[PDB]
Amino acid sequence: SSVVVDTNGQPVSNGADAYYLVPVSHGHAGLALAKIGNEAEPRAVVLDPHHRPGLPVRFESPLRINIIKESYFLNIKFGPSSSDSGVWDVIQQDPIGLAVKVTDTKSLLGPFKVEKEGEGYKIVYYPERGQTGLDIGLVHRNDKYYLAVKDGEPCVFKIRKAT
Amino acid sequence: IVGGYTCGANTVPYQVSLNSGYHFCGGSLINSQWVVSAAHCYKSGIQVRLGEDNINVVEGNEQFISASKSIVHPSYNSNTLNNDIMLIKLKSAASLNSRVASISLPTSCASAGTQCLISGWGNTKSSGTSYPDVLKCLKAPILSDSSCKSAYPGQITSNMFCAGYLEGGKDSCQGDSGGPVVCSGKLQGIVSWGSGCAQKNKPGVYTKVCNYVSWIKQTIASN
């Protein structure tokens, strides 16, 4: 029921604005793209020290309200607002596991919710909407931090408005 | 409002805005002390603003009345968007005048093709964002339920109806939620949700007010 907000105290807009995800435990890490296995194009989302400020995201809910709540099912996407590229998804992939990846399709109701955690916010993945959720944490590999399912060990974010 | 026109100051006397320092949802004034809106517009400490045409200027005929009770429909489902309706009781009765009038509850549900009026301060563009200062209006017809279920598979409940234009270009959008859908002088719909705004084969979906008329009366009577 609580509103998701930015660092300036303003409620997160619905698709309208992009926001940087600034981790509290990785001050020098921004959202970025990397390859996992034998992929030609980078489709996995990582926290990369070689990328500050990281890639900003947009929060989209089909509800025609201008703010984002904890209880809304959300799509998270890179790039422009109405585009279908850069949409986040969870895909079983070795050796990381339940890795956050990008696709070019946009479901009507996304599998993500933004929930309060510690001093900030966590991205919670629900395989389907009614279910129990899985916190997205970090899998340490290749001198970068792959965002992935790590229930009990959430990755904590601040949400910084793109300006 | 995408593809609409400027209403005018006195033209939508039942339109209200839900505020907590900023505008986030629309609403409908149904009597002197009660406003209806969407369930997902629920917020703590809602302040209700009546009689606005320009939201960014204190035009003078406005009244800011704080909510006394914000009652979401008890069957509201945060996962399925069904039962998307909320009641807001004002702490004091609103004064009716040229810019402030109540809209009456519907007697029956409207049938496909009925011409309806949708209003709100939402986005005017299907891609990107642009928020107007003055209230915007749009005429749009109710669509048949068979085409409605085809547009949004598995998501259309018995308490919802589609409205708009299958071509696109004319639709409600983010920021209109909770606002009125008026047909024949009756509050028939509440703007709820849709896939993007004004996209082809992605019409607006609106809560079917007529299913809740007894509950509205029971809730107003009980409180």
# chains A, B, ... in the order shown; residues from 1 in each chain; ligands from 1

$ select_by_dssp --residues "segment 30-165 of chain B" --states "helix (DSSP H, G or I)" --output "CSV table (one decimal) with C-alpha atoms, in the first residue's frame"
chain,number,residue,atom,x,y,z
B,39,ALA,CA,-9.5,1.0,-5.2
B,40,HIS,CA,-5.8,1.2,-6.3
B,41,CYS,CA,-5.9,5.0,-5.8
B,145,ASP,CA,-17.9,-7.7,-24.2
B,146,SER,CA,-16.9,-10.2,-26.9
B,147,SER,CA,-14.3,-7.8,-28.4
B,148,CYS,CA,-13.3,-6.8,-24.8
B,149,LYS,CA,-12.3,-10.3,-23.8
B,150,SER,CA,-10.4,-10.7,-27.1
B,151,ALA,CA,-8.3,-7.6,-26.4

$ closest_atom_pairs --of "chain A" --to "chain B" --cutoff "6 Å" --atoms "only C-alpha atoms" --output "Markdown table"
| residue | atom | partner | partner_atom | distance |
| --- | --- | --- | --- | --- |
| A:62 | CA | B:194 | CA | 5.3 |
| A:63 | CA | B:193 | CA | 4.3 |
| A:64 | CA | B:174 | CA | 3.6 |
| A:65 | CA | B:175 | CA | 4.6 |
| A:66 | CA | B:175 | CA | 4.9 |
| A:82 | CA | B:127 | CA | 5.6 |

$ atom_distance --atom1 "atom CA of residue 199 of chain B" --atom2 "atom CA of residue 79 of chain A"
19.0 Å

$ atom_distance --atom1 "atom CA of residue 157 of chain A" --atom2 "atom CA of residue 45 of chain B"
27.0 Å

$ residues_around --residues "residue 3 of chain B" --least-positions-apart "6" --cutoff "9 Å" --atoms "only C-alpha atoms" --output "number ranges by chain"
B: 124-125, 137-138, 169-172, 198

$ write_last_selection --atoms "N, CA, C and O atoms" --output "mmCIF file, in the first residue's frame"
data_model
loop_
_atom_site.group_PDB
_atom_site.id
_atom_site.type_symbol
_atom_site.label_atom_id
_atom_site.label_comp_id
_atom_site.auth_asym_id
_atom_site.auth_seq_id
_atom_site.Cartn_x
_atom_site.Cartn_y
_atom_site.Cartn_z
ATOM 1 N N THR B 124 -1.489 13.185 -22.264
ATOM 2 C CA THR B 124 -2.156 13.486 -23.523
ATOM 3 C C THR B 124 -1.485 12.805 -24.709
ATOM 4 O O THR B 124 -1.976 12.916 -25.836
ATOM 5 N N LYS B 125 -0.375 12.111 -24.477
ATOM 6 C CA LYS B 125 0.411 11.480 -25.523
ATOM 7 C C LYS B 125 0.454 9.975 -25.287
ATOM 8 O O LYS B 125 0.474 9.511 -24.143
ATOM 9 N N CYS B 137 -11.258 16.598 -21.751
ATOM 10 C CA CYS B 137 -12.472 15.813 -21.953
ATOM 11 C C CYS B 137 -12.334 14.928 -23.186
ATOM 12 O O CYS B 137 -11.608 15.264 -24.123
ATOM 13 N N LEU B 138 -13.053 13.801 -23.193
ATOM 14 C CA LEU B 138 -13.050 12.887 -24.334
ATOM 15 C C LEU B 138 -14.382 12.151 -24.422
ATOM 16 O O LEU B 138 -14.825 11.553 -23.435
ATOM 17 N N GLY B 169 -5.447 6.110 -30.617
ATOM 18 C CA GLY B 169 -5.416 7.556 -30.696
ATOM 19 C C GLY B 169 -6.317 8.279 -29.718
ATOM 20 O O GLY B 169 -6.096 9.467 -29.454
ATOM 21 N N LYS B 170 -7.335 7.610 -29.183
ATOM 22 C CA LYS B 170 -8.272 8.213 -28.244
ATOM 23 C C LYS B 170 -8.478 7.229 -27.106
ATOM 24 O O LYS B 170 -8.983 6.125 -27.329
ATOM 25 N N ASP B 171 -8.098 7.628 -25.894
ATOM 26 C CA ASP B 171 -8.121 6.731 -24.745
ATOM 27 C C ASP B 171 -7.793 7.534 -23.495
ATOM 28 O O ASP B 171 -7.283 8.655 -23.572
ATOM 29 N N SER B 172 -8.095 6.946 -22.343
ATOM 30 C CA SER B 172 -7.588 7.459 -21.082
ATOM 31 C C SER B 172 -6.140 7.011 -20.888
ATOM 32 O O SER B 172 -5.599 6.218 -21.665
ATOM 33 N N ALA B 198 -3.915 4.415 -25.581
ATOM 34 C CA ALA B 198 -4.402 4.689 -26.936
ATOM 35 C C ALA B 198 -3.666 3.880 -27.999
ATOM 36 O O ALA B 198 -3.511 4.329 -29.138
#

$ residues_around --residues "residue 77 of chain A" --least-positions-apart "3" --cutoff "9 Å" --atoms "only C-alpha atoms" --output "NGL selection string"
:A and (56-60 or 80-81 or 83-88 or 102 or 106)

$ residues_around --residues "segment 5-21 of chain B" --least-positions-apart "6" --cutoff "7 Å" --atoms "only C-alpha atoms" --output "list in words"
residues 27, 28, 29, 45, 46, 47, 48, 49, 50, 51, 53, 98, 99, 100, 101, 102, 103, 135, 136, 137, 138, 179 and 180 of chain B

$ closest_residue --among "A:22, A:103, A:123, A:111" --to "residue 41 of chain A" --atoms "only C-alpha atoms"
A:103

$ atom_distance --atom1 "atom CA of residue 77 of chain B" --atom2 "atom CA of residue 211 of chain B"
16.2 Å

$ select_by_dssp --residues "segment 137-208 of chain B" --states "strand (DSSP E)" --output "list in words"
residues 137, 138, 139, 140, 141, 160, 161, 162, 163, 180, 181, 182, 183, 186, 187, 188, 189, 190, 191, 192, 193, 204, 205, 206, 207 and 208 of chain B

$ residues_around --residues "residue 61 of chain A" --least-positions-apart "5" --cutoff "9 Å" --atoms "only C-alpha atoms" --output "PDB file with N, CA, C and O atoms, in the first residue's frame"
ATOM      1  N   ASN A  14       4.847   6.500 -12.956  1.00  0.00           N
ATOM      2  CA  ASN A  14       4.439   5.268 -13.626  1.00  0.00           C
ATOM      3  C   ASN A  14       4.883   5.323 -15.080  1.00  0.00           C
ATOM      4  O   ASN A  14       4.159   5.791 -15.960  1.00  0.00           O
ATOM      5  N   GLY A  15       6.095   4.840 -15.338  1.00  0.00           N
ATOM      6  CA  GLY A  15       6.598   4.775 -16.697  1.00  0.00           C
ATOM      7  C   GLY A  15       7.140   6.103 -17.175  1.00  0.00           C
ATOM      8  O   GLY A  15       7.969   6.160 -18.087  1.00  0.00           O
ATOM      9  N   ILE A  68       3.683   4.592  -8.096  1.00  0.00           N
ATOM     10  CA  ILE A  68       3.949   3.166  -7.955  1.00  0.00           C
ATOM     11  C   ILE A  68       3.802   2.793  -6.486  1.00  0.00           C
ATOM     12  O   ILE A  68       4.367   3.463  -5.615  1.00  0.00           O
ATOM     13  N   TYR A  72       1.715  -3.140  -6.440  1.00  0.00           N
ATOM     14  CA  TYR A  72       1.520  -3.194  -7.880  1.00  0.00           C
ATOM     15  C   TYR A  72       2.490  -4.179  -8.511  1.00  0.00           C
ATOM     16  O   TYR A  72       3.671  -4.223  -8.159  1.00  0.00           O
ATOM     17  N   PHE A  73       1.988  -4.981  -9.443  1.00  0.00           N
ATOM     18  CA  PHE A  73       2.865  -5.789 -10.274  1.00  0.00           C
ATOM     19  C   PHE A  73       3.432  -4.922 -11.386  1.00  0.00           C
ATOM     20  O   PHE A  73       2.684  -4.250 -12.105  1.00  0.00           O
ATOM     21  N   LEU A  74       4.755  -4.933 -11.523  1.00  0.00           N
ATOM     22  CA  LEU A  74       5.464  -3.962 -12.340  1.00  0.00           C
ATOM     23  C   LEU A  74       6.299  -4.649 -13.407  1.00  0.00           C
ATOM     24  O   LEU A  74       6.865  -5.721 -13.175  1.00  0.00           O
ATOM     25  N   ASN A  75       6.367  -4.018 -14.575  1.00  0.00           N
ATOM     26  CA  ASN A  75       7.422  -4.288 -15.537  1.00  0.00           C
ATOM     27  C   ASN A  75       8.543  -3.281 -15.333  1.00  0.00           C
ATOM     28  O   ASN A  75       8.296  -2.106 -15.048  1.00  0.00           O
ATOM     29  N   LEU A 108       1.633  -7.984 -19.899  1.00  0.00           N
ATOM     30  CA  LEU A 108       0.687  -6.993 -19.398  1.00  0.00           C
ATOM     31  C   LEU A 108       0.948  -6.700 -17.928  1.00  0.00           C
ATOM     32  O   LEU A 108       1.069  -5.537 -17.526  1.00  0.00           O
ATOM     33  N   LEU A 109       1.046  -7.742 -17.111  1.00  0.00           N
ATOM     34  CA  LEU A 109       1.430  -7.607 -15.714  1.00  0.00           C
ATOM     35  C   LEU A 109       2.786  -8.273 -15.522  1.00  0.00           C
ATOM     36  O   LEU A 109       2.931  -9.477 -15.757  1.00  0.00           O
ATOM     37  N   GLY A 110       3.765  -7.493 -15.100  1.00  0.00           N
ATOM     38  CA  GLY A 110       5.090  -8.002 -14.875  1.00  0.00           C
ATOM     39  C   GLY A 110       5.194  -8.779 -13.586  1.00  0.00           C
ATOM     40  O   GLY A 110       4.301  -8.769 -12.723  1.00  0.00           O
TER      41      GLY A 110
ATOM     42  N   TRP B 193      -7.643   0.815 -15.961  1.00  0.00           N
ATOM     43  CA  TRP B 193      -6.352   0.353 -16.456  1.00  0.00           C
ATOM     44  C   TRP B 193      -6.401   0.145 -17.963  1.00  0.00           C
ATOM     45  O   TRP B 193      -7.455   0.237 -18.596  1.00  0.00           O
ATOM     46  N   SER B 195      -3.467  -1.313 -21.456  1.00  0.00           N
ATOM     47  CA  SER B 195      -2.119  -1.603 -21.937  1.00  0.00           C
ATOM     48  C   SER B 195      -1.556  -0.360 -22.619  1.00  0.00           C
ATOM     49  O   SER B 195      -1.947  -0.029 -23.743  1.00  0.00           O
ATOM     50  N   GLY B 196      -0.630   0.323 -21.947  1.00  0.00           N
ATOM     51  CA  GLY B 196      -0.195   1.600 -22.469  1.00  0.00           C
ATOM     52  C   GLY B 196      -1.356   2.575 -22.533  1.00  0.00           C
ATOM     53  O   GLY B 196      -2.289   2.534 -21.724  1.00  0.00           O
TER      54      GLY B 196
END

$ closest_residue --among "A:67, A:99, A:45, A:148" --to "residue 29 of chain A" --atoms "only C-alpha atoms"
A:45

$ residues_around --residues "residue 206 of chain B" --least-positions-apart "3" --cutoff "9 Å" --atoms "only C-alpha atoms" --output "PyMOL selection string"
chain B and resi 84+159-163+181+189-194+209
